[PDB]
Number of protein chains: 2
Amino acid sequence: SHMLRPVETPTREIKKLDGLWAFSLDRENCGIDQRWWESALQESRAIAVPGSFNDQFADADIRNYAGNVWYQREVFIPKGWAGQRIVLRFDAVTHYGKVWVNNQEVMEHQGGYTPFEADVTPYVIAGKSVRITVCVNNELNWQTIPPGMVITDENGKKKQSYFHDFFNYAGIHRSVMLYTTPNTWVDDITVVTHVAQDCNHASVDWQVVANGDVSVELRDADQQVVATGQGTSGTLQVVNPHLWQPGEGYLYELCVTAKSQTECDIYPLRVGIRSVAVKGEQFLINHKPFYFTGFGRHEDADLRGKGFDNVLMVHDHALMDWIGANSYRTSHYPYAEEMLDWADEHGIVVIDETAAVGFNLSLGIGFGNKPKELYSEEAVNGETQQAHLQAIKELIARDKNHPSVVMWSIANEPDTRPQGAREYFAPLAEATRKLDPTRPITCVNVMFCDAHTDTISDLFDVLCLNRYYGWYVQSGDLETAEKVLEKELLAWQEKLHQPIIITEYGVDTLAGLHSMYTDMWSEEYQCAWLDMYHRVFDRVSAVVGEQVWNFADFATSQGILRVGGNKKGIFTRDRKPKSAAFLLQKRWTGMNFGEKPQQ
Amino acid sequence: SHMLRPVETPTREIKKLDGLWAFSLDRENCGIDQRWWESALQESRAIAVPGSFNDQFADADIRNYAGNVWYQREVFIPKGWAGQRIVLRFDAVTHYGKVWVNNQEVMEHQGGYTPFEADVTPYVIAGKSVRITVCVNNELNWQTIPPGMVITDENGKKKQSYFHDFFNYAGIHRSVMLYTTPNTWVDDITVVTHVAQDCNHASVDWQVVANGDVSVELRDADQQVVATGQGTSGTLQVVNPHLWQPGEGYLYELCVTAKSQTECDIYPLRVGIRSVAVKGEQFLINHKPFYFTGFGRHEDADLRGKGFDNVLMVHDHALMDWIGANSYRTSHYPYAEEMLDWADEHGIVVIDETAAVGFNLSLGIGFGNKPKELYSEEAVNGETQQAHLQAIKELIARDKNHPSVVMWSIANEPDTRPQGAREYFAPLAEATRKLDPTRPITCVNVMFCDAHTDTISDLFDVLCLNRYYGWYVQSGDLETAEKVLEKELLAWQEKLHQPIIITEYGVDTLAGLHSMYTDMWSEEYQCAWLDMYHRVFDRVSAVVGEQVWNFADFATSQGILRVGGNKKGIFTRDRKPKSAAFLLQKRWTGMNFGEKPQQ
């Protein structure tokens, strides 16, 4: 379904609905029966949008709630929007939303991390106030991405069981907006940027969906027309192109005009001219080997949970830039698109991941009784696979034109031991390639699905390994950990001869815990253990990247493994550096940009 | 007064009285009037000896007590000691002790940090139990070393005012013992070790006090006699001597025999053959320039306060050895002699300091109303100067033969602005040189008594500067601090052309406080600020040493400046390293041993 990012144009306005909304729990689940959308929410309080609902209130009973909650506000339609196509858009509602405009049901969406929207032209009047009600549900089951199990206790109280190592935050996490187009509009754009080997010529394919005649102008960063074309599809030639390069990110603008006899629409799409390809064990950007440095991240901060926030995005980018990180992965869900606009503009390389974490009943992370077969009718089944395909489609439909996105990760750490695993994943691998043939794909690999055990990594282009030898096993023993790690990376190189990215390596580190014994949980162990990984990576020719787990400490489900959360951060949740931040700064700013270090 | 360290010999036994004693406060000050020493203490509890009394009980009312407390135990005289000279010895009682054996007053001492003892032969019977009572007083006045003022509130409640930045811990801090000699005994020994320029010959002068004919045997570390002599005084010649060198500490043994017609006594004194001298701006050990690295320390630990403890001494020496420290200063009181036995054996260089800190009414550290003239009848006067001379005599009488001790510090950070300062200090400087002509002297210099202000440093041999530019002033500004520091060190070199030791440089550092802004109280600021000092030291030819303030976080008087104590430690009070420990480790293990670093 077509999903262009709203931008203000001579033909397009936006009105953000961010701010304070009315908020209510629905502990008895009577809000659909009582049609709560037909009036003021009754027993409501103010909530910030965007934000997780969980931590705004310092209230355990709200933080731990499972079921429906209700958001509502009133808003004026701008008088001048009369005659315009008016769209209501939610950038993300975690995990499910249903939306009413006054008493009209307008939208519904499952999937906590990509946009949904409806044409609301027929249900509003320009110059009058409308009531927007949202029913938001945070429950996971075996057909949600990510999956989970709701346990209902003997008293009917719902508790969410889930298999991933981050807290199941919910709510309206990203911006809500009304926006306009003319009644003729550019509904969809796909670009493909081809790049000669010598890098001295490039071609830009376009395809546009719109209810009108289509022309394009490609403009350079100085706003000079370098190429023009006509029709819903075609190819622009670009002589001596300014390539989109990691560390710079030069962008063109492809202005798409849809002209009917009467009205017209202008949509500017930022275009980075760059090719991505795997050749052997090399990841090539613009025909040159790239070496990934940086992080697995999370959308996680004090008070706001997974809510988007510009100050956090500015501060965190300044920390990644300082430490010498050139890349990150959207672990473990699509991130706010503002992050990919930032990556495009500053030339940051991104592995774009779906929300399909948790397809694994043999980890110690998350959280009743787990089913015995992971791939069965009573767990990951045909409907799950459909839901996963839909999550991949929605991510690609959103992110297909971001030059910063160099690879699709379709899941994180599935259990691939059973026969069902390949049967479930094979068709997903094939459909991802059909959806976007311009980028390599991955499925991030769990440690116990080792080179001798894993059944699906041959179906993918890049080997993204999540590894924690010396932590969960060979606990505190760097000497054994180093042997096991090197052995396994070389076994992977022999088996598949793919480029290897270590997409997770990290140890829990309590800020301010110091030890002369360099032992687990200390700042000193974090440093010695990352250093040992680095030494091994640099001796393996197939390793083309390293993304530290994690950028910052983040919230998890309560348990015996998590000391107020996940402490594998390089930074604290309040963004203060641990000693290991200075270790990474020296390695990553001391290497040549984008080039595999040396011994 | 003669003070040889008790050692077990064929002629000498020791019985430690360390262990649990009875303990009592005397809030009404009626214990001398009621002669508490004549029976069991009445309302007593168990206390560990040795240890400060203050923190053993988790009790604020005991920790903050000012006045007399009472210690008592019973002990059996060994049956075989009949006919022996029996001595009762306290290695240190802070700050004053009076001792009774049953109902006989045997000893009294003022001075919290050196030994006192009495011949108790006439007051005990071998094979019977005796009662030892100690009245211990912790009050400071203008005639104590260190000085203070007891403020009595309107209700007669005593509160100790004092001018030094460490907590006024009190009690029996070091070992208590009975020991024997024969009725003929070696009462005193002075050695002087002279060393040819070429280092290929050395001479060892001896002087002995004893009530019998005296012979000496000098034995090497293999126990081979290298020299013999006769008489109360003389010189032993040593061909190709194994010099006592920093980082090694080769020791000989000078066995002193006192023979009467009937009985005899053997005392083995460890002797390190080494010369110390200042020439120009060089501190020479064995005719070679030395560069001091290491710490200002304190006797300070959880629960035991300033009590001596072998595990702490073993652990701390292993931390100083690891970090590459070659030296320390006994800031700000004589340390347990076991520390100087350790320094002798491992070749650690020590600046031996008296308890004369606080001679300064213009600092913000310590703690009623301060007197207006520091050097006056109503503050530091003639009797103070006598008490200071006595403290210097007792330190030298104890430590004169330790080869590890390379310099005497007679005080820390006196206010030398007034005319009285030189009048008070000059005679102290002269008497120290007469007491031990074999070692240079210092008086450690406070920051506000700058090169243009100070009135007494010409009377001393080495310039020991305590400096904290970028902390108490130019707060957080490394750029200004660096200019002011370099300017002042060069002004000191021009003024006196002495060797300069920085005997204090440090910043408060809360373990686990991390900052991207490198600002005060952070681990990062500690690192950047020590680094800036190091860069400046290495550009000044007169700087022959650096002793970081302080080895470890330590207790102080409560106030607005002290966040649970002094946080200038390199280590936490529980001996965990801050990031700056690794900075010092690299600089100090990366330089050539004992040699000024280079830019």
Side-chain angles (χ1 to χ4, degrees), chain B residues 1-9 11-19 21-22 31-32 35-38 41 49-50 68-78 80-137 170-189 209-212 258 263 265 267 308 334 336-337 387 390-391 393-399:
Chain B
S1 174
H2 296 141
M3 206 65 63
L4 282 182
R5 195 172 189 281
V7 46
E8 287 212 304
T9 284
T11 66
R12 291 183 174 229
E13 308 174 3
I14 299 168
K15 181 195 214 304
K16 288 298 171 98
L17 274 67
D18 300 358
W21 294 44
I32 65 193
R35 315 188 90 187
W36 279 11
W37 62 84
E38 294 189 339
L41 294 185
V49 174
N68 294 325
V69 307
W70 291 86
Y71 282 86
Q72 196 178 251
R73 63 161 300 176
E74 282 216 292
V75 64
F76 274 95
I77 313 303
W81 284 11
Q84 291 304 285
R85 172 163 170 281
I86 305 169
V87 179
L88 174 57
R89 172 151 165 146
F90 294 76
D91 275 352
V93 175
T94 306
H95 292 284
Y96 163 96
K98 193 172 266 189
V99 183
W100 298 259
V101 172
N102 295 338
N103 303 324
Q104 171 71 60
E105 200 192 315
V106 74
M107 254 168 276
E108 176 177 44
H109 190 268
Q110 191 71 54
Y113 301 100
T114 61
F116 55 102
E117 69 187 18
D119 182 333
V120 307
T121 310
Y123 310 119
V124 309
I125 307 180
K128 291 208 186 143
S129 188
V130 298
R131 190 232 286 105
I132 300 166
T133 314
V134 193
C135 182
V136 175
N137 173 285
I172 309 186
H173 282 144
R174 298 175 191 159
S175 274
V176 184
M177 70 200 72
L178 293 163
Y179 71 93
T180 59
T181 79
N183 291 130
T184 304
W185 82 102
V186 174
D187 198 43
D188 190 39
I189 311 157
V209 173
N211 58 344
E263 58 204 280
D265 181 46
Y267 189 95
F308 180 67
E337 231 189 308
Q390 186 59 32
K393 276 176 196 158
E394 278 183 66
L395 179 57
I396 292 176
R398 194 193 73 172
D399 285 2

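Every heavy atom of this structure was used, including side-chain atoms; hydrogens, water molecules and symmetry mates were not. Protein chains get the first letters and strands the later ones, always in sequence-line order, with residue 1 at the start of each.
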What's the separation between atom [atom1] in [X] and atom [atom2] in [Y], rounded to the nearest 0.5 Å?
X	Y	atom1	atom2	answer
B/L41	B/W21	CG	CH2	10.5 Å
B/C135	B/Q72	SG	CD	12.0 Å
B/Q84	B/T180	CD	OG1	5.5 Å
B/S129	B/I77	OG	CD1	8.0 Å
B/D91	B/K16	CG	NZ	6.5 Å
B/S1	B/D187	OG	CG	7.5 Å

Using a 4.5 Å cut-off on heavy atoms from C-beta on, say whether the side chain of [Y] contacts that of [X].
X	Y	result
B/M177	B/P6	yes
B/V99	B/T133	no
B/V87	B/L178	no
B/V176	B/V134	no
B/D399	B/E337	yes
B/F90	B/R174	no
B/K98	B/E105	yes

Determine the minimum heavy-atom distance between [X] and [Y], stating which atoms define it.
X	Y	value
B/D119	B/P122	OD1-CD, 3.8 Å
B/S175	B/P50	N-CB, 4.3 Å
B/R398	B/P334	NH2-CB, 4.1 Å
B/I86	B/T121	N-OG1, 3.0 Å
B/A82	B/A126	N-CB, 3.5 Å
B/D188	B/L4	N-CD1, 3.8 Å

Sidechain-backbone polar pair: [X] side chain, [Y] backbone, donor-acceptor under 3.5 Å:
X	Y	result
B/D265	B/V186	yes
B/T114	B/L395	no
B/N211	B/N183	yes
B/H109	B/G111	yes
B/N102	B/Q104	no

Evaluation steps, side chain to side chain contact (heavy atoms under 4.5 Å, CB included), between B/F308 and B/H173: CA-CA 6 Å; B/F308 180 67; B/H173 282 144; over 6 Å; no
Aromatic plane relationship, B/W37 with B/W100 - under 30° parallel, 30 to 60° tilted, over 60° perpendicular: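 Ring orientation of B/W100 relative to B/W37: parallel.
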Parallel, tilted or perpendicular, as decided by the 30° and 60° cut-offs, for the rings of B/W70 and B/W36: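 Correct class here is tilted.
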SB check B/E74 B/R131 (cutoff 4.0 Å):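 B/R131 and B/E74: not salt-bridged.
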Test applied, side-chain hydrogen bond (donor to acceptor under 3.5 Å, both in side chains); reference residue, B/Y179; option that passes from B/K15, B/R89, B/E117, B/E13: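 Only match with B/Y179 under side-chain hydrogen bond (donor to acceptor under 3.5 Å, both in side chains): B/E117.
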Geometric cation-pi criterion B/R85 and B/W185, 6.0 Å radius, 45° cone: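 Yes; both conditions hold, so B/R85 lies above the ring face of B/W185.
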Trace of the side chain to side chain contact (heavy atoms under 4.5 Å, CB included) decision for B/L17 with B/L88: CA-CA 10 Å; B/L17 274 67; B/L88 174 57; 4.2 Å; yes
Any side-chain donor near an acceptor of the partner, B/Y113 and B/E394, under 3.5 Å: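 No pair is found: no donor N or O on one side chain lies under 3.5 Å from an acceptor on the other.
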